[PDB]
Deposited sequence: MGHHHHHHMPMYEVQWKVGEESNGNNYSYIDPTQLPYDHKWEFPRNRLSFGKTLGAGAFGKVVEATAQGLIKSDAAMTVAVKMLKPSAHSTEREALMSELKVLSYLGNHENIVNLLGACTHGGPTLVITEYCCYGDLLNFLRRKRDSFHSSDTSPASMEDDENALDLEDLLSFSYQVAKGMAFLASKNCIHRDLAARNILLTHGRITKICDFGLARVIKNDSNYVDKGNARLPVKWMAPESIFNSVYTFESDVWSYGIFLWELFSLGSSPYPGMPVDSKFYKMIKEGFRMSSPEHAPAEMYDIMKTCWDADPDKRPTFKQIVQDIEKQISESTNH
């Protein structure tokens, strides 16, 4: 067909984000692993008052990773500002290695935060109300992504950062896609198998419902205070068979029955059966009201 919905992520990079490399001062390395490394930095000229502020810069080492950073930057540029997404401040794409500048989140990733706070569980401590809040905020951020026809494809506790105010922000949009034109997205690198829906493993298809499956696994990490999914189970032929057979993880220790009910429905083999992020948001909001 000669008519198509236009994908903003495919459009050329908008230079409104362009930031001079000279105005950045790199500090210590905040993280490594999946996509390059993130370094804390000081940026000047971002404020209307010309003050300097602390920012996080994502970069790669010196070619799928090169495009994934550019893809993440464009997805963020299209998404816009949201409370529950890591916010894009600027980018450096001229005269050097590509740099993506985002807001700095003090607490770091949610997975490491829940492990650090596991012993303390139940003023700086963690309790069940924090876990419900985390569930709700991430659901809100996800429901926002869906409203923009966007799929994260890598939702997990490691990809949620905690900022001041006990606010959670989703990050790491390198695998994220916009599926407006087609209802299903088909991929042809390394993937987070423990977080993937079955149709995504077996048939390589990603949808809004595959993002919901990943959300359910996230809830399992959340209410087990940062435990690894499918504990002690390597990714092998036995694991794939059990998932196809319908074997799911059991309820984490701290999770309320109602929250486990949501995990189960996120894990339904049939994508149509799974709830939407809009419905999850509603469900969690009613559960919080009962307190």
(message) Missing C-alpha coordinates: which residue stretches of the deposited sequence does that apply to?
(response) 1-24, 87-89, 150-161, 228-229, 333-335
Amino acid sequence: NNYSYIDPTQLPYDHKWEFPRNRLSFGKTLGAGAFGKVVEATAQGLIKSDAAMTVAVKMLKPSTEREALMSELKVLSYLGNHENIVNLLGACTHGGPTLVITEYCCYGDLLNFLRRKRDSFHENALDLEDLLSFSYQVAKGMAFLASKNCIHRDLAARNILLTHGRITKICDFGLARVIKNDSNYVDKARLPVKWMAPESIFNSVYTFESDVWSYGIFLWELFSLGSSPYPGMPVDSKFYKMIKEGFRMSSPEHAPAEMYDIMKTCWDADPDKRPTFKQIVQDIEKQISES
From here on, numbers count along this sequence of modelled residues.
(request) With reference to the PDB entry, specify whether the mean Cα temperature factor is higher for 112-120 or for 138-146. (result) 112-120
(message) Quick check: 206-214 versus 124-132, which has the larger average CA B-factor in the record?
(response) 124-132
(message) Between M259, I243, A43, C266, which one tops the list for Cα B-factor in this entry?
(response) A43
(request) Determine which member of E83, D172, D182, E221 has the highest CA B-factor, using the values in the deposited entry. (result) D182
(message) How does the C-alpha B factor of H164 compare with the rest of the chain: lowest, middle or highest third?
(response) highest
(request) Comparing against every modelled residue in the chain, figure out the third that the C-alpha B-factor of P234 lands in (lowest, middle or highest). (result) middle
(request) Give the position of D283 by CA B-factor within its chain, expressed as the lowest, middle or highest third. (result) lowest
(request) Give the position of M249 by CA B-factor within its chain, expressed as the lowest, middle or highest third. (result) lowest
(request) Sorting the chain's modelled residues by C-alpha B-factor, tell me whether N22 ends up in the lowest, middle or highest third. (result) highest
